[PDB]
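Participant: Could you have a look at this structure, given as structure tokens, before my questions?
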Amino acid sequence: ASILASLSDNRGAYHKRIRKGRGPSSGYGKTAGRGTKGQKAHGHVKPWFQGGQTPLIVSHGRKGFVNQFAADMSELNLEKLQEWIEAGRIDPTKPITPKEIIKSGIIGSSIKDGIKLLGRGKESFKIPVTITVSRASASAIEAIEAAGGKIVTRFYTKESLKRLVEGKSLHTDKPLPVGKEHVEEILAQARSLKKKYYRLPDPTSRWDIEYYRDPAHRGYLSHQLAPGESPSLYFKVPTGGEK
Amino acid sequence: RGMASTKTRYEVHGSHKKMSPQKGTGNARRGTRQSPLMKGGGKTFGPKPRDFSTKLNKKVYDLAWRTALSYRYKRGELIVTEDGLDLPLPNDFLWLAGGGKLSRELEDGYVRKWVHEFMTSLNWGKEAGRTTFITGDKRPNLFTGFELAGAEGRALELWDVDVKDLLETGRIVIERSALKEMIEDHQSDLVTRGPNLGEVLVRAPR
RNA sequence: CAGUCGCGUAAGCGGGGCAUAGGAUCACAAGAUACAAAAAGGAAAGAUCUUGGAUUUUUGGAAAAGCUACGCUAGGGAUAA
RNA sequence: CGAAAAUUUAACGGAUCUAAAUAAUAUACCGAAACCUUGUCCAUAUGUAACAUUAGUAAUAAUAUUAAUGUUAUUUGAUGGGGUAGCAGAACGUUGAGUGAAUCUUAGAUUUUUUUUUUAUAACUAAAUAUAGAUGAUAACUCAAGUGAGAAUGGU
RNA sequence: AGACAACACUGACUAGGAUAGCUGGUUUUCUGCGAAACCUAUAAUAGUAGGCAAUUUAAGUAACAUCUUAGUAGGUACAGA
RNA sequence: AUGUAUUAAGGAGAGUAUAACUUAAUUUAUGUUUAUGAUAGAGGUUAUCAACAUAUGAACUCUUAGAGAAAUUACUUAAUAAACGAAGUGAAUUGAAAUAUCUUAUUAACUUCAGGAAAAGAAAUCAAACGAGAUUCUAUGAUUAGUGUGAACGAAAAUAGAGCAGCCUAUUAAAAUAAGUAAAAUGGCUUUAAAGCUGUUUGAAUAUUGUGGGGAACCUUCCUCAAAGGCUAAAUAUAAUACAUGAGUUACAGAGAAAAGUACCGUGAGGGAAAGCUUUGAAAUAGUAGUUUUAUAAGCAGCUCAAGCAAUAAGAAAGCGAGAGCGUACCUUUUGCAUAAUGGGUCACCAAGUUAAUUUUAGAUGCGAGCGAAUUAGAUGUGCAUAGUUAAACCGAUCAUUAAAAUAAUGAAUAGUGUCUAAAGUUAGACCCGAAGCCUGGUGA
Ligand SMILES: [K+]
Ligand SMILES: [K+]
Ligand SMILES: [K+]
Ligand SMILES: [K+]
Ligand SMILES: [K+]
Ligand SMILES: [K+]
Ligand SMILES: [K+]
Ligand SMILES: [K+]
Ligand SMILES: [K+]
Ligand SMILES: [K+]
Ligand SMILES: [Mg+2]
Ligand SMILES: [Mg+2]
Ligand SMILES: [Mg+2]
Ligand SMILES: [Mg+2]
Ligand SMILES: [Mg+2]
Ligand SMILES: [Mg+2]
Ligand SMILES: [Mg+2]
Ligand SMILES: [Mg+2]
Ligand SMILES: [Mg+2]
Ligand SMILES: [Mg+2]
Ligand SMILES: [Mg+2]
Ligand SMILES: [Mg+2]
Ligand SMILES: [Mg+2]
Ligand SMILES: [Mg+2]
Ligand SMILES: [Mg+2]
Ligand SMILES: [Mg+2]
Ligand SMILES: [Mg+2]
Ligand SMILES: [Mg+2]
Ligand SMILES: [Mg+2]
Ligand SMILES: [Mg+2]
Ligand SMILES: [Mg+2]
Ligand SMILES: [Mg+2]
Ligand SMILES: [Mg+2]
Ligand SMILES: [Mg+2]
Ligand SMILES: [Mg+2]
Ligand SMILES: [Mg+2]
Ligand SMILES: [Mg+2]
Ligand SMILES: [Mg+2]
Ligand SMILES: [Mg+2]
Ligand SMILES: [Mg+2]
Ligand SMILES: [Mg+2]
Ligand SMILES: [Mg+2]
Ligand SMILES: [Mg+2]
Ligand SMILES: [Mg+2]
Ligand SMILES: [Mg+2]
Ligand SMILES: [Mg+2]
Ligand SMILES: [Mg+2]
Ligand SMILES: [Mg+2]
Ligand SMILES: [Mg+2]
């Protein structure tokens with residue numbers, strides 16, 4: 001009659017409740033599906049126990065190690081980047097930066113250690129854009145430039161990527177200058193902003209510096225190199241000749 | 001509330017000495033006195049203070065709110081009115097009650113008589129289910145009237161309404177502003193990207 | 001299949017022995033690999049590949065002697081008075 | 001005949017049998033919860049029709065239909081039927097809770113009984129005794145468990 | 001005298017903190033299907049693990065069982081010296 | 001049971017108007033409101049026929065001066081439990097299917113010291129090239145990093161919430177900035193080898209004009225902080241009291257205690273009950289009444305067949321049953337039990353796969369390359385998936401081995417996420433009941 005007396009979940013959602021130890025006819029009566037007077041009836045067996053035989057991880061051993069220093073990139077492909085532009089969820093006229101890549105949803109709702117642009121669906125990508133990520137595959141760098149776009153790989157951390165979404169840090173495609181001939185102009189900018197903005201960090205280690213120092217990755221530190229110079233901070237390009 | 005509690009063999013009062021010797025007395029060997037097999041022993045799997053609340057997706061909880069609001073709409077039990085939804089009690093009574101001439105016994109005896117005869121003429125009283133008045137704010141006349149005459153219906157504040165309260169009476173009498181705020185707070189599944197929410201077709205002829 | 005060596009006119013044969021009787025991991029040690037390097041540059045200690053020392057002989061891999069007629073508890077009565 | 005053991009005839013089961021023994025044959029009969037036939041119950045199917053409920057879709061100022069679920073009947077004159085350990089499905093009952101400011105009750109609600117009926121761990125009919133207007137009982141659906149005891153040399 | 005130290009002494013009584021691969025018990029009904037007591041490993045043989053394999057219900061089937069016809073492996077009964 | 005608020009020393013002996021509490025054991029006064037309250041009378045024992053607020057007389061003995069066989073002596077305006085907190089000392093049961101390292105466990109316990117709280121506390125801190133900014137409490141981070149042969153043990157940064165407070169001129173009176181100190185060797189503790197604690201023997205330096213500590217062996221640059229001097233409320237712990245709430249209990253329940261640490265037991269430490277009310281009246285058990293059968297018989301007392309008896313009366317036969325046959329209780333445990341194998345005197349009640357976190361699966365259902373959460377304008381709050389590959393990174397719809405590479409070969413590629421119902425793995429008492437023993441603190445000649 002009443003509605004509250006006529007509600008119930010679909011029959012497919014309800015399942016039999018097995019109450020053990022409640023009579024022989026139930027089917028779970030005396031032993032309660034335990035058997036007859038073993039160790040599985042009286043007590044509990046250790047899960048890792050195999051009866052005494054040594055496990056294979058002790059007979060073979062554990063193989064390898066878990067890299068605790070590797071960066072956890074947020075993979076992004078071109079097949080998905082084109083779909084967001086055709087849907088109007090990413091403005092191709094403006095620079096596409098991690099702040100606009102994280103707030104659109106293309107990479108998901110998790111901010112990881114970086115964003116790498118991959119080259120899945122690089123054959124049907126013909127939209128000229130100006131994207132800025134932490135890394136990019138060789139096939140994604142030339143696929144972005146073949147359509148008439150520009151790509152730049154900057155250095156980000158997990159904390160700096162979070163401040164970009166929070167607005168506590170302004171995005172820039174250039175490193176912090178060095179020398180006494182830049183203080184007057186850099187300090188000028190800070191006062192004008194009239195806010196406490198944080199700065200984006202620049203690479204410090206050898207590997208991190210070298211990755212953004214070569215033009216193969218379109219690193220934002222590549223302008224510091226000469227045409228004959230190599231990206232590596234240790235190795236040099238040998239000279240060809242007889243002498 | 002989920003505050004029920006019971007004492008296990010590890011909480012019952014007394015000493016944990018062994019009752020009878022392991023062998024020699026001829027009776028069944030017994031351990032401590034707090035065993036469930038003893039008179040004042042503890043209940044093994046007895047109730048305990050825990051949390052019974054479960055989870056329900058905000059989108060599924062909002063769909064259930066608009067489904068109970070549409071179940072009343074199609075049956076004609078959703079009667080929306082204008083703002084200021086209060087019982088129009090007579091002015092004379094309000095002048096005497098506020099003044100303090102009338103005692104409590106008479107002030108309450110009248111509200112009960114008037115609310116009963118007012119809801120019966122409207123066919124809105126106990127003889128026809130009951131009614132629930134949902135208003136944005138607390139109004140003295142309304143909330144006080146349905147506190148002394150509860151057999152004729154009840155009154156609720158927008159924040160004090162559940163999906164179970166819409167389905168518990170014969171009719172729902174809600175305010176225009178209350179409804180616009182009731183459906184706007186439970187459209188999570190709809191507002192994800194809008195739809196008509198309070199669009200006026202015929203304006204009040206001032 | 002790739003690599004590159006032997007024998008053979010050639011076809012071809014060769015990843016020890018006519019066949020059936022020699023145990024891992026861990027630790028440790030010697031080479032290679034260039035993976036990661038706890039602020040950073042190095043390093044240490046780790047990781048992969050190859051290899052070595054084992055009555056690890058209870059050989060799927062404990063560093064290990066007895067008595068109780070004063071015996072105790074939980075059991076079975078594989079017959080034990 | 002060989003052929004002897006300790007309670008008692010003592011391994012025709014017994015009475016008894018000259019076949020009611022033995023060997024080679026023949027036929028009828030009896031004979032199980034097996035099989036058959038006529039009904040019933042249960043499980044799983046396959047199509048169809050009808051009834052009810054719920055929710056849609058059309059018609060109606062001079063009712064029809066769609067889907068789900070429940071149910072009976074019927075088509076293939078459908079198939080299947082012991083069970084421990086064990087696995088699985090479907091239900092009933094007990095206590096409390098929501099709908100419930102609901103329904104019912106001196107024209108007898110409720111009464112640990114007795115009785116009657118129904119494929120029935122359950123409810124129901126009637127009878128007898130007592131006397132309650134709710135601090136009473138209660139259908140249906142749903143919610144949570146201190147939820148079901150001939151078995152522990154169990155405990156009071 | 002392993003004697004006595006207040007029911008207890010091969011180390012008392014009392015309070016606090018255990019485990020038990022061993023034993024016993026494990027409570028309503030209806031319905032469907034339905035084993036094993038074998039192998040391997042184990043300081044293991046009263047245990048346990050992995051198999052074989054019972055159950056649930058989905059996708060498959062040139063499925064599985066039996067017979068017929070033609071073919072194949074292998075040396076028992078028997079027979080022989 | 002939880003929450004909120006308040007409070008911060010507890011018990012006993014004897015006596016007394018038996019609701020009234022201290023030898024004064026029912027003291028004496030004020031103010032206000034008194035039925036429109038608050039939440040035109042009778043009545044001082046035939047009493048307290050008045051509540052709220054504020055005052056007020058009295059309040060014995062012991063614990064508790066000294067002594068002693070506590071509640072006595074003898075004197076006198078003699079007087080402070082438990083739990084909680086910090087430090088010191090520091091096990092064993094248990095797990096590893098044995099066992100030494102390890103785990104149990106910076107645990108239980110004991111000892112000292114202190115307060116209503118205590119402790120801790122405004123960086124010689126963390127971070128990583130950007131920055132954060134005292135302590136305490138809760139969750140996540142985290143079955144993580146890491147350690148360890150193993151079993152297991154186990155951070156920090158950061159995030160969210162509760163609180164928020166800084167200072168030395170500390171709101172209660174303290175530093176002329178810290179030398180036998182930092183540190184080293186060695187023996188231990190803690191632990192990852194650093195940092196930290198420590199006995200013995202030794203032993204530094206003086207500020208970013210780069211002196212000293214730290215950034216997980218170690219060196220260096222840089223960053224970062226400034227030890228050997230101090231103060232500091234709150235959120236936190238425990239106990240008592242009061243109140244609020246309840247798919248908490250309603251008398252073998254709740255608590256051990258509806259009159260209880262009482263009766264009772266023990267030399268002692270210590271152990272420790274039963275018992276509600278005027279309602280209802282189950283089963284077992286006992287004595288009879290009605291109907292019926294029974295003194296020639298070898299019944300797990302049922303089942304199949306069934307004469308007869310049984311209703312004063314029209315109608316209506318439940319029950320008992322002579323006689324014939326069939327049938328060796330139940331459970332557990334076993335290859336197998338009527339077994340002379342285990343268990344039970346009967347009946348009633350109590351009495352066993354439950355909860356939490358975590359990790360999965362099926363079904364149903366919400367959203368959907370997103371999901372979940374969470375919020376005038378903007379930001380904020382775990383997580384999983386969206387890409388695979390390798391020991392690992394680089395790399396990437398491609399990746400790995402091929403000591404150079406190369407379709408030469410081989411392997412791996414495409415819907416998730418939340419919720420409910422149910423069954424589960426893991427860790428907790430973990431389905432229930434049951435040892436002998438081991439360790440610590442006490443008691444007794
Ligand atoms: K199961
Ligand atoms: K058993
Ligand atoms: K003795
Ligand atoms: K069968
Ligand atoms: K071991
Ligand atoms: K680990
Ligand atoms: K150290
Ligand atoms: K009690
Ligand atoms: K009785
Ligand atoms: K139970
Ligand atoms: Mg199932
Ligand atoms: Mg069964
Ligand atoms: Mg089982
Ligand atoms: Mg078993
Ligand atoms: Mg072994
Ligand atoms: Mg004990
Ligand atoms: Mg109890
Ligand atoms: Mg639930
Ligand atoms: Mg380094
Ligand atoms: Mg370092
Ligand atoms: Mg072996
Ligand atoms: Mg072998
Ligand atoms: Mg035997
Ligand atoms: Mg005879
Ligand atoms: Mg048959
Ligand atoms: Mg059959
Ligand atoms: Mg069957
Ligand atoms: Mg009755
Ligand atoms: Mg019993
Ligand atoms: Mg067999
Ligand atoms: Mg065993
Ligand atoms: Mg031959
Ligand atoms: Mg004294
Ligand atoms: Mg004195
Ligand atoms: Mg934590
Ligand atoms: Mg200093
Ligand atoms: Mg030191
Ligand atoms: Mg150091
Ligand atoms: Mg130091
Ligand atoms: Mg200082
Ligand atoms: Mg309850
Ligand atoms: Mg009871
Ligand atoms: Mg006779
Ligand atoms: Mg036997
Ligand atoms: Mg006998
Ligand atoms: Mg017996
Ligand atoms: Mg007995
Ligand atoms: Mg029970
Ligand atoms: Mg990945």
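All residue names refer to the structure tokens as shown: chains lettered A, B, ... in order, residues numbered from 1 in each chain, ligands numbered from 1 in order.
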Identify all residues of segment 134-197 of chain B in strand (DSSP E) (DSSP on the backbone) and supply them as a list in words.
Facilitator: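 Those residues are residues 134, 135, 153, 154, 155, 156, 157, 171, 172, 173, 174 and 175 of chain B.
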Participant: Atoms to include: N, CA and C atoms. Write the selected residues as a PDB file, in the first residue's frame.
Facilitator:
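Wrote it out as again27.pdb, contents follow:
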```pdb
ATOM      1  N   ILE B 134       7.072  22.264   4.327  1.00  0.00           N
ATOM      2  CA  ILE B 134       8.513  22.464   4.222  1.00  0.00           C
ATOM      3  C   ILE B 134       8.750  23.927   3.876  1.00  0.00           C
ATOM      4  N   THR B 135       9.383  24.653   4.793  1.00  0.00           N
ATOM      5  CA  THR B 135       9.686  26.064   4.620  1.00  0.00           C
ATOM      6  C   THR B 135      11.183  26.290   4.784  1.00  0.00           C
ATOM      7  N   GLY B 153      -0.761  16.937  10.749  1.00  0.00           N
ATOM      8  CA  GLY B 153       0.394  17.071   9.888  1.00  0.00           C
ATOM      9  C   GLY B 153       1.607  17.482  10.698  1.00  0.00           C
ATOM     10  N   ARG B 154       2.611  17.996   9.995  1.00  0.00           N
ATOM     11  CA  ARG B 154       3.831  18.457  10.644  1.00  0.00           C
ATOM     12  C   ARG B 154       4.489  19.506   9.761  1.00  0.00           C
ATOM     13  N   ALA B 155       5.484  20.181  10.330  1.00  0.00           N
ATOM     14  CA  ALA B 155       6.244  21.204   9.630  1.00  0.00           C
ATOM     15  C   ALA B 155       7.730  20.925   9.795  1.00  0.00           C
ATOM     16  N   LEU B 156       8.498  21.263   8.763  1.00  0.00           N
ATOM     17  CA  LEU B 156       9.925  20.986   8.740  1.00  0.00           C
ATOM     18  C   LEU B 156      10.656  22.145   8.082  1.00  0.00           C
ATOM     19  N   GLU B 157      11.929  22.287   8.433  1.00  0.00           N
ATOM     20  CA  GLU B 157      12.818  23.248   7.801  1.00  0.00           C
ATOM     21  C   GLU B 157      13.606  22.565   6.691  1.00  0.00           C
ATOM     22  N   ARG B 171       0.608  14.383   1.716  1.00  0.00           N
ATOM     23  CA  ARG B 171       0.923  15.452   0.781  1.00  0.00           C
ATOM     24  C   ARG B 171       2.152  16.202   1.267  1.00  0.00           C
ATOM     25  N   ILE B 172       2.788  16.913   0.340  1.00  0.00           N
ATOM     26  CA  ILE B 172       3.911  17.791   0.646  1.00  0.00           C
ATOM     27  C   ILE B 172       3.517  19.198   0.223  1.00  0.00           C
ATOM     28  N   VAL B 173       3.508  20.122   1.177  1.00  0.00           N
ATOM     29  CA  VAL B 173       3.244  21.532   0.917  1.00  0.00           C
ATOM     30  C   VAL B 173       4.561  22.274   1.098  1.00  0.00           C
ATOM     31  N   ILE B 174       5.177  22.672  -0.011  1.00  0.00           N
ATOM     32  CA  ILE B 174       6.500  23.279   0.006  1.00  0.00           C
ATOM     33  C   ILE B 174       6.404  24.691  -0.556  1.00  0.00           C
ATOM     34  N   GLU B 175       7.361  25.525  -0.165  1.00  0.00           N
ATOM     35  CA  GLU B 175       7.423  26.887  -0.666  1.00  0.00           C
ATOM     36  C   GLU B 175       8.160  26.932  -2.000  1.00  0.00           C
TER      37      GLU B 175
END
```
Participant: What lies within 12 Å of residue 76 of chain C using only C-alpha atoms (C1' of nucleotides), ignoring chain neighbours under 6 positions off, as a PyMOL selection string?
Facilitator: (chain E and resi 22-23+46) or (chain F and resi 333)
Participant: Let me have all residues with an atom within 10 Å of ligand 42, counting only C-alpha atoms (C1' of nucleotides) and all ligand atoms, laid out as an NGL selection string.
Facilitator: :F and (250-253 or 349-350)
Participant: Do a neighbour search on residue 50 of chain D at 12 Å with only C-alpha atoms (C1' of nucleotides), toss out local chain neighbours closer than 3 positions, and write the hits as number ranges by chain.
Facilitator: D: 71-74
Participant: May I have the residues from that selection written out with C-alpha atoms (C1' of nucleotides), as a PDB file, in the first residue's frame?
Facilitator:
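Printed below is again.pdb as written:
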```pdb
ATOM      1  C1'   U D  71       0.037 -17.587  -9.918  1.00  0.00           C
ATOM      2  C1'   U D  72      -3.077 -21.474 -12.211  1.00  0.00           C
ATOM      3  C1'   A D  73      -3.762 -24.227 -16.384  1.00  0.00           C
ATOM      4  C1'   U D  74      -1.835 -26.367 -20.600  1.00  0.00           C
TER       5        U D  74
END
```
Participant: Name the closest residue to chain A among the candidates E:15, E:30, E:2, E:9; distances are taken between atoms, counting only C-alpha atoms (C1' of nucleotides).
Facilitator: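 Under the stated criterion, the closest residue is E:30.
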Participant: Kindly indicate which residue among B:38, B:167, B:158, B:79 lies nearest to chain D, using only C-alpha atoms (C1' of nucleotides) for the distances.
Facilitator: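 Distance minimum relative to chain D lands on B:38.
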Participant: When DSSP works through the backbone of this structure, what residues of segment 5-192 of chain B end up as helix (DSSP H, G or I), shown as a PyMOL selection string?
Facilitator: chain B and resi 58-74+91-99+104-121+126-128+140-148+158-160+163-166+176-184
Participant: Put those residues in a file: C-alpha atoms, as a CSV table (one decimal), in the first residue's frame.
Facilitator:
```csv
chain,number,residue,atom,x,y,z
B,58,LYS,CA,26.3,11.7,-3.8
B,59,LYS,CA,24.9,11.2,-7.4
B,60,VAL,CA,22.9,8.2,-6.3
B,61,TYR,CA,21.7,10.1,-3.2
B,62,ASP,CA,20.6,13.0,-5.4
B,63,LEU,CA,18.8,10.8,-7.9
B,64,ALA,CA,16.9,9.3,-5.0
B,65,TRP,CA,15.9,12.8,-3.8
B,66,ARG,CA,14.5,13.9,-7.2
B,67,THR,CA,12.8,10.5,-7.6
B,68,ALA,CA,10.9,10.9,-4.4
B,69,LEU,CA,10.1,14.5,-5.4
B,70,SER,CA,8.8,13.3,-8.8
B,71,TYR,CA,6.8,10.4,-7.3
B,72,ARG,CA,4.8,13.1,-5.5
B,73,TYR,CA,4.6,15.3,-8.6
B,74,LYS,CA,3.0,12.7,-10.8
B,91,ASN,CA,-5.8,38.3,14.2
B,92,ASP,CA,-7.8,38.5,17.4
B,93,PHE,CA,-6.2,35.4,18.8
B,94,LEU,CA,-2.8,36.6,17.9
B,95,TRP,CA,-3.5,39.9,19.6
B,96,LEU,CA,-4.6,38.3,22.8
B,97,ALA,CA,-1.9,35.6,22.9
B,98,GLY,CA,0.9,38.2,22.3
B,99,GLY,CA,-0.7,40.5,24.9
B,104,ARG,CA,-1.3,28.7,28.2
B,105,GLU,CA,-4.1,26.3,28.7
B,106,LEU,CA,-6.4,28.4,26.5
B,107,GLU,CA,-3.7,29.4,24.0
B,108,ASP,CA,-2.9,25.8,23.3
B,109,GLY,CA,-6.5,24.6,23.4
B,110,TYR,CA,-7.4,27.1,20.7
B,111,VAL,CA,-4.5,26.3,18.3
B,112,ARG,CA,-5.5,22.7,18.5
B,113,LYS,CA,-9.1,23.4,17.7
B,114,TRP,CA,-8.5,25.8,14.9
B,115,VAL,CA,-5.8,23.8,13.2
B,116,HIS,CA,-8.0,20.7,13.3
B,117,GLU,CA,-11.0,22.5,11.7
B,118,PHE,CA,-8.7,24.4,9.2
B,119,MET,CA,-7.1,21.2,7.9
B,120,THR,CA,-10.5,19.3,7.7
B,121,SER,CA,-12.0,21.9,5.4
B,126,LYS,CA,-5.9,13.2,9.6
B,127,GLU,CA,-9.0,12.1,7.7
B,128,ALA,CA,-6.9,12.4,4.5
B,140,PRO,CA,6.2,30.7,14.7
B,141,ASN,CA,2.6,30.2,13.7
B,142,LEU,CA,3.3,27.2,11.5
B,143,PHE,CA,5.8,25.3,13.6
B,144,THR,CA,3.9,26.1,16.8
B,145,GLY,CA,0.6,25.2,15.3
B,146,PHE,CA,1.7,21.7,14.2
B,147,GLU,CA,3.4,21.1,17.6
B,148,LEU,CA,0.1,21.2,19.5
B,158,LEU,CA,14.5,22.8,4.4
B,159,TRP,CA,17.7,21.6,6.3
B,160,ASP,CA,15.6,19.1,8.4
B,163,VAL,CA,14.3,11.4,1.4
B,164,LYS,CA,12.3,9.4,3.9
B,165,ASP,CA,10.3,12.5,5.0
B,166,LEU,CA,8.9,13.3,1.6
B,176,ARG,CA,8.6,28.2,-4.0
B,177,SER,CA,11.9,29.3,-2.7
B,178,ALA,CA,12.3,26.0,-0.7
B,179,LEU,CA,11.8,23.9,-3.8
B,180,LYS,CA,14.1,25.9,-6.0
B,181,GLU,CA,16.8,25.4,-3.2
B,182,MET,CA,15.8,21.7,-2.8
B,183,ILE,CA,16.3,20.7,-6.4
B,184,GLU,CA,19.3,22.9,-6.9
```
Participant: Between atom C1' of residue 143 of chain D and atom CA of residue 57 of chain B, what distance in Å does the model show, to one decimal?
Facilitator: 19.7 Å
Participant: Using only C-alpha atoms (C1' of nucleotides), determine which residues of chain B fall within 10 Å of chain E; present them as a PyMOL selection string.
Facilitator: chain B and resi 15-17
Participant: Would you mind listing the residues within 10 Å of ligand 47, counting only C-alpha atoms (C1' of nucleotides) and all ligand atoms, as a list in words?
Facilitator: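 These are the residues that qualify: residues 153 of chain D; 343, 344 and 345 of chain F.
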Participant: Write out as JSON lines a residue-level contact list of chain C versus chain A with cut-off 12 Å: for each qualifying residue the closest pair of atoms and the distance in Å to one decimal, counting only C-alpha atoms (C1' of nucleotides), rows sorted by chain and residue number upward.
Facilitator:
```
{"residue": "C:23", "atom": "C1'", "partner": "A:59", "partner_atom": "CA", "distance": 11.3}
{"residue": "C:24", "atom": "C1'", "partner": "A:59", "partner_atom": "CA", "distance": 5.4}
{"residue": "C:25", "atom": "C1'", "partner": "A:59", "partner_atom": "CA", "distance": 4.7}
{"residue": "C:26", "atom": "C1'", "partner": "A:58", "partner_atom": "CA", "distance": 8.4}
{"residue": "C:35", "atom": "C1'", "partner": "A:67", "partner_atom": "CA", "distance": 9.5}
{"residue": "C:36", "atom": "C1'", "partner": "A:67", "partner_atom": "CA", "distance": 6.4}
{"residue": "C:37", "atom": "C1'", "partner": "A:69", "partner_atom": "CA", "distance": 9.2}
{"residue": "C:38", "atom": "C1'", "partner": "A:69", "partner_atom": "CA", "distance": 8.9}
{"residue": "C:39", "atom": "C1'", "partner": "A:204", "partner_atom": "CA", "distance": 9.4}
{"residue": "C:40", "atom": "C1'", "partner": "A:205", "partner_atom": "CA", "distance": 6.2}
{"residue": "C:41", "atom": "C1'", "partner": "A:206", "partner_atom": "CA", "distance": 8.4}
{"residue": "C:42", "atom": "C1'", "partner": "A:206", "partner_atom": "CA", "distance": 11.9}
{"residue": "C:46", "atom": "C1'", "partner": "A:65", "partner_atom": "CA", "distance": 8.1}
{"residue": "C:47", "atom": "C1'", "partner": "A:64", "partner_atom": "CA", "distance": 5.4}
{"residue": "C:48", "atom": "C1'", "partner": "A:64", "partner_atom": "CA", "distance": 7.2}
{"residue": "C:60", "atom": "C1'", "partner": "A:53", "partner_atom": "CA", "distance": 5.8}
{"residue": "C:61", "atom": "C1'", "partner": "A:54", "partner_atom": "CA", "distance": 8.8}
```
Participant: Could you pull out the residues sitting within 12 Å of ligand 44, using only C-alpha atoms (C1' of nucleotides) and all ligand atoms, and write them as a PyMOL selection string?
Facilitator: (chain C and resi 76-78) or (chain F and resi 333-337+341-342)
Participant: Please report as a ChimeraX atom specification which residues of chain A come no farther than 6 Å from chain D, using only C-alpha atoms (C1' of nucleotides).
Facilitator: /A:4-6
Participant: With distances taken over only C-alpha atoms, which of B:7, B:29, B:203, B:193 is nearest to chain A?
Facilitator: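 Of B:7, B:29, B:203, B:193, the one nearest chain A is B:193, counting only C-alpha atoms.
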Participant: To check your reading of the model: which residues sit at most 12 Å from ligand 43 when counting only C-alpha atoms (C1' of nucleotides) and all ligand atoms? Write the answer as JSON, numbers by chain.
Facilitator: {"F": [293, 294, 295, 296, 297, 322, 323]}
Participant: Around ligand 28, out to 9 Å and counting only C-alpha atoms (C1' of nucleotides) and all ligand atoms, which residues are there? I want them as a PyMOL selection string.
Facilitator: chain D and resi 110-113+128-129
Participant: Could you tell me which residues of chain C sit within 12 Å of chain B when counting only C-alpha atoms (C1' of nucleotides), and give me the result as a VMD selection string?
Facilitator: chain C and resid 72 to 74
Participant: Could you tell me how far atom CA of residue 80 of chain A lies from atom CA of residue 162 of chain A, in Å and to one decimal?
Facilitator: 22.4 Å
